[PDB]
>>> print(open('start.cif').read())   # mmCIF, C-alpha atoms
data_entry
#
loop_
_atom_site.label_atom_id
_atom_site.label_comp_id
_atom_site.auth_asym_id
_atom_site.auth_seq_id
_atom_site.Cartn_x
_atom_site.Cartn_y
_atom_site.Cartn_z
CA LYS A 1 102.09 136.47 138.53
CA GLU A 2 101.95 132.89 137.19
CA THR A 3 100.17 133.56 133.89
CA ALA A 4 97.38 131.33 132.61
CA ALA A 5 99.78 130.14 129.87
CA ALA A 6 102.33 129.16 132.51
CA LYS A 7 99.69 127.46 134.63
CA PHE A 8 98.71 125.34 131.60
CA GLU A 9 102.37 124.33 131.11
CA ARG A 10 102.65 123.40 134.80
CA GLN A 11 99.39 121.42 134.89
CA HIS A 12 99.44 119.78 131.45
CA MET A 13 102.86 119.71 129.69
CA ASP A 14 105.37 116.93 130.15
CA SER A 15 107.49 116.86 127.03
CA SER A 16 110.37 115.02 128.80
CA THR A 17 108.63 111.62 128.71
CA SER A 18 107.39 110.08 125.44
CA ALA A 19 104.79 108.16 127.53
CA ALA A 20 103.57 107.45 131.09
CA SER A 21 106.92 106.61 132.66
CA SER A 22 105.42 104.17 135.16
CA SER A 23 102.45 102.97 137.19
CA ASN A 24 103.64 105.60 139.70
CA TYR A 25 103.78 108.50 137.18
CA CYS A 26 100.52 110.26 138.18
CA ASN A 27 101.23 109.91 141.87
CA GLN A 28 104.57 111.71 141.45
CA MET A 29 103.51 114.27 138.86
CA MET A 30 100.22 115.37 140.44
CA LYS A 31 102.23 116.17 143.57
CA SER A 32 105.35 117.71 141.95
CA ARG A 33 103.27 119.97 139.72
CA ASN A 34 101.36 121.14 142.82
CA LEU A 35 98.02 119.66 141.78
CA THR A 36 97.56 118.00 145.21
CA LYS A 37 98.24 121.01 147.42
CA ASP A 38 94.80 122.28 148.54
CA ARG A 39 92.83 119.20 147.42
CA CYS A 40 93.30 116.09 145.28
CA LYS A 41 92.68 117.40 141.77
CA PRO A 42 90.26 114.66 140.52
CA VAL A 43 91.36 114.27 136.90
CA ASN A 44 94.26 115.80 134.99
CA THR A 45 95.99 115.05 131.67
CA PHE A 46 99.68 115.47 130.79
CA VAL A 47 100.77 115.84 127.15
CA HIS A 48 104.03 114.33 125.92
CA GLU A 49 104.64 116.47 122.88
CA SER A 50 106.73 119.61 122.40
CA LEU A 51 105.38 122.89 123.67
CA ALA A 52 105.40 124.16 120.07
CA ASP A 53 103.23 121.27 118.92
CA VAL A 54 100.69 121.85 121.70
CA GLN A 55 100.68 125.64 121.15
CA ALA A 56 100.03 124.93 117.44
CA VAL A 57 96.67 123.33 118.33
CA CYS A 58 95.29 126.87 118.85
CA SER A 59 95.30 127.22 115.02
CA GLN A 60 93.83 123.72 114.37
CA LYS A 61 90.25 122.43 114.42
CA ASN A 62 87.86 124.84 116.22
CA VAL A 63 85.37 122.88 118.35
CA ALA A 64 82.90 123.72 121.11
CA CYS A 65 84.26 123.62 124.64
CA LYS A 66 82.43 121.50 127.23
CA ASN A 67 81.29 124.67 128.99
CA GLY A 68 79.72 126.02 125.80
CA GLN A 69 82.39 128.58 125.00
CA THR A 70 83.70 128.65 121.44
CA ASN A 71 87.46 128.87 122.02
CA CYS A 72 88.46 125.23 122.00
CA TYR A 73 90.65 123.49 119.47
CA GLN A 74 91.20 119.84 118.58
CA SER A 75 94.56 118.55 117.35
CA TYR A 76 94.53 117.14 113.80
CA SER A 77 97.13 114.57 114.82
CA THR A 78 96.99 112.21 117.78
CA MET A 79 99.28 113.04 120.66
CA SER A 80 100.89 111.01 123.39
CA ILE A 81 99.12 111.76 126.68
CA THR A 82 98.82 110.42 130.21
CA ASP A 83 95.46 110.62 132.02
CA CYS A 84 95.58 110.78 135.83
CA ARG A 85 92.38 109.87 137.68
CA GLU A 86 92.06 109.83 141.47
CA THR A 87 91.38 106.36 142.96
CA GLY A 88 88.24 105.67 145.03
CA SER A 89 90.44 105.08 148.11
CA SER A 90 92.44 108.31 147.67
CA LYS A 91 92.39 110.52 150.77
CA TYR A 92 93.83 114.01 150.85
CA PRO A 93 96.59 114.69 151.58
CA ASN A 94 97.72 111.28 150.29
CA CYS A 95 96.36 111.68 146.80
CA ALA A 96 96.40 108.49 144.74
CA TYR A 97 95.97 108.21 140.98
CA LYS A 98 95.53 105.64 138.24
CA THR A 99 98.01 106.34 135.39
CA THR A 100 96.67 105.62 131.86
CA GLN A 101 98.72 106.20 128.73
CA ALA A 102 96.93 106.96 125.45
CA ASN A 103 97.41 108.36 121.96
CA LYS A 104 94.49 110.67 121.32
CA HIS A 105 93.50 113.96 119.79
CA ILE A 106 93.60 116.67 122.43
CA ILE A 107 91.16 119.55 122.89
CA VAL A 108 92.48 122.76 124.49
CA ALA A 109 90.97 126.15 125.21
CA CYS A 110 93.06 129.07 123.91
CA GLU A 111 93.09 132.72 124.96
CA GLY A 112 95.27 135.82 124.82
CA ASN A 113 97.64 137.71 122.54
CA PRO A 114 99.59 135.60 121.77
CA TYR A 115 96.83 133.03 121.43
CA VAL A 116 97.96 130.11 123.53
CA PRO A 117 96.57 127.15 125.46
CA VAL A 118 95.12 127.95 128.86
CA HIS A 119 92.92 124.92 129.67
CA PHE A 120 92.82 121.26 128.80
CA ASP A 121 89.23 120.43 127.84
CA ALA A 122 89.20 116.82 126.65
CA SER A 123 90.83 114.11 124.62
CA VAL A 124 89.07 112.17 121.89
#
>>> encode(input="start.cif", output="structure tokens")
Amino acid sequence: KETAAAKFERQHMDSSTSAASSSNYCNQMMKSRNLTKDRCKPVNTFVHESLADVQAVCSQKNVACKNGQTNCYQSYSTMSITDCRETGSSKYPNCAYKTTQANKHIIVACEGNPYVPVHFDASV
């Protein structure tokens, strides 16, 4: 009953912060967004732009998705993001992440009517 579109917002949108609040950001966010519930999700990116700006990427530069599907789109502008990557010493259920802030072009997969982001593919 959580739609794919909503799942993308839960896993990948954080418009509140302009950047990676703190060295603790990923630890807090991976947990609070329920990405550490059944396992430590290994890598996950949060975008610090408006929902409208991220949704707009679905009409931007069409690029191949990593899995070979055709429905991925790269932002023309750079966007403020935070990459979370699980540490080597991280042990479920105490999932531990390195927080890295970047300004990069994002690549999202879009699907549906309306055509909206449903997966975060990459940043470049």
>>> closest_atom_pairs(input="start.cif", of="stretch 66-97 of chain A", to="stretch 5-14 of chain A", cutoff="12 Å", atoms="all atoms listed in the file", output="Markdown table")
| residue | atom | partner | partner_atom | distance |
| --- | --- | --- | --- | --- |
| A:79 | CA | A:13 | CA | 11.8 |
| A:80 | CA | A:14 | CA | 10.0 |
| A:81 | CA | A:14 | CA | 8.8 |
| A:82 | CA | A:14 | CA | 9.2 |
| A:83 | CA | A:12 | CA | 10.0 |
| A:84 | CA | A:12 | CA | 10.7 |
>>> closest_residue(input="start.cif", among="A:121, A:109, A:97, A:89", to="residue A:56", atoms="all atoms listed in the file")
A:109
>>> closest_residue(input="start.cif", among="A:99, A:60, A:70, A:75", to="residue A:29", atoms="only C-alpha atoms")
A:99
>>> closest_residue(input="start.cif", among="A:115, A:92, A:120, A:76", to="residue A:55", atoms="only C-alpha atoms")
A:115
>>> atom_distance(input="start.cif", atom1="atom CA of residue A:64", atom2="atom CA of residue A:34")
28.6 Å
>>> atom_distance(input="start.cif", atom1="atom CA of residue A:107", atom2="atom CA of residue A:3")
20.0 Å
>>> closest_residue(input="start.cif", among="A:24, A:87, A:16, A:62", to="residue A:41", atoms="only C-alpha atoms")
A:87
>>> residues_around(input="start.cif", residues="residue A:25", least_positions_apart="2", cutoff="12 Å", atoms="all atoms listed in the file", output="list in words")
residues 14, 17, 19, 20, 21, 22, 23, 27, 28, 29, 30, 31, 32, 33, 45, 46, 81, 82, 83, 84, 85, 96, 97, 98, 99, 100 and 101 of chain A
>>> atom_distance(input="start.cif", atom1="atom CA of residue A:77", atom2="atom CA of residue A:18")
15.4 Å
>>> closest_residue(input="start.cif", among="A:35, A:122, A:1, A:117", to="residue A:71", atoms="all atoms listed in the file")
A:117
>>> closest_residue(input="start.cif", among="A:102, A:95, A:72, A:47", to="residue A:118", atoms="all atoms listed in the file")
A:72
>>> residues_around(input="start.cif", residues="residue A:123", least_positions_apart="6", cutoff="8 Å", atoms="all atoms listed in the file", output="short mmCIF file (atom, residue, chain, number, x, y, z; two decimals) with C-alpha atoms, keeping the file's coordinate frame")
data_model
loop_
_atom_site.label_atom_id
_atom_site.label_comp_id
_atom_site.auth_asym_id
_atom_site.auth_seq_id
_atom_site.Cartn_x
_atom_site.Cartn_y
_atom_site.Cartn_z
CA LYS A 104 94.49 110.67 121.32
CA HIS A 105 93.50 113.96 119.79
CA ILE A 106 93.60 116.67 122.43
CA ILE A 107 91.16 119.55 122.89
#
